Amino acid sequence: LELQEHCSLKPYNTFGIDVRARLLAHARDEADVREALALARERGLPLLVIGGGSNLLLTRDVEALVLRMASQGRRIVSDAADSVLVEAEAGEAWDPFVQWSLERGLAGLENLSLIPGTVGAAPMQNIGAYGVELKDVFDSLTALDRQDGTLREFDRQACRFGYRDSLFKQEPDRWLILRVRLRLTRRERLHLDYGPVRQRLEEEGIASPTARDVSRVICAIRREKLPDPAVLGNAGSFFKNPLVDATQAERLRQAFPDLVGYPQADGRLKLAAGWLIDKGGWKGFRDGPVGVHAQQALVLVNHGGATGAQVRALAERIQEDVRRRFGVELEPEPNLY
């Protein structure tokens, strides 16, 4: 299991936080997962599952057995003409899996290109970008129940997907996702509702655009605008876009005409969290080794040497400010440990 004791978790989380783990193992299959669980239980330790550590905020030393999911495997399950069921192990890296799918001529994942992390973590966070969510293509997953060790399958309804949310993120220590099945397509019409994606695609003058073509535009836009943790530690968008009811939206828009929002089918309004934080004065904020990115106001950053506690406290500060100022509470996207 390539076990290490008292090992630093710095290279395993995109914020670059330097806490240390009491044990660190690497699981390459389901037997390893079972061995790691028994080992944690035999030794009186909790078990902390990690993938690419790109949605984790570590705030203290980890008195647990940290299990890095590193199982490999990607395959086509059934090809049903336009629809195609594909399957990947939890440890498979997400963006190489998107590229694997497009190289097979399958559409569906192109708008989720270049998101960090693993296939296993993607349903838990219901990852989303440029108008697409994982739940749009989700068929099923296999998860180990950590209350009794049994395996069960979840279809889409049983996953209780929501905005950057799922049953698994609500009960975080309960299920351990082993493999994920998605339904991809061929020859479908192509999701270009986002202005800048459509504009840059059109500028390229492809006679007949495809999913691969969309994927290369999204990669270029993401590389252009989103800080890379390689250089500046972060977990992407720290906050979710909040939803408010129609009355709250009336008082806010009647007080701020410039309010950026996305109307929903049920009459509620999803506010742009980045606009709230910018309009609150936080963009470019910096206090000691932590701050808010100068152009992407949603992105909290580790300039170097931050503890996880300092990141946590800046976020709580931004939260309190935006609550006090516009009466809106910003929820975080990252998971806190």
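Position 1 is the first residue in the sequence shown; the rest follow in order. Between two forms, the rigid core is the largest collection of C-alphas that superpose within 1.5 Å.
After superposing on the rigid core, the larger RMS C-alpha deviation in 4 other deposited structures of this protein belongs to 184-192, the other candidate being whichever of 184-192 and 85-93 remains.
When the other structures are laid on the shown form by the rigid core, the stretch among 206-214 and 174-182 with the greater C-alpha deviation in 4 other deposited structures of this protein turns out to be 206-214. Stretches 81-89 and 117-125 differ in mean CA B factor, with 81-89 having the higher one. Legend: mean Cα B-factor per stretch from the PDB entry, 217-225 versus 144-152; the higher mean is in 144-152.
When the Cα B-factors of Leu48, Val292, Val33, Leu56 are read from the PDB record, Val33 comes out highest.
Considering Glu133, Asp193, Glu171, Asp165 together, the PDB entry gives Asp193 the largest C-alpha B factor.
For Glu103, the recorded CA B-factor ranks within the middle third of the chain. Only modelled residues enter the ranking. Ranked within its chain, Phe326 lands in the highest third, by CA B factor from the PDB record. When the modelled residues of the chain are ordered by their C-alpha B factor, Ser71 lands in the middle third.
Ranked against the other modelled residues of its chain, the C-alpha B-factor of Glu188 as given in the entry falls in the middle third. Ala27: CA B factor lies in the highest third for its chain, per the PDB record.
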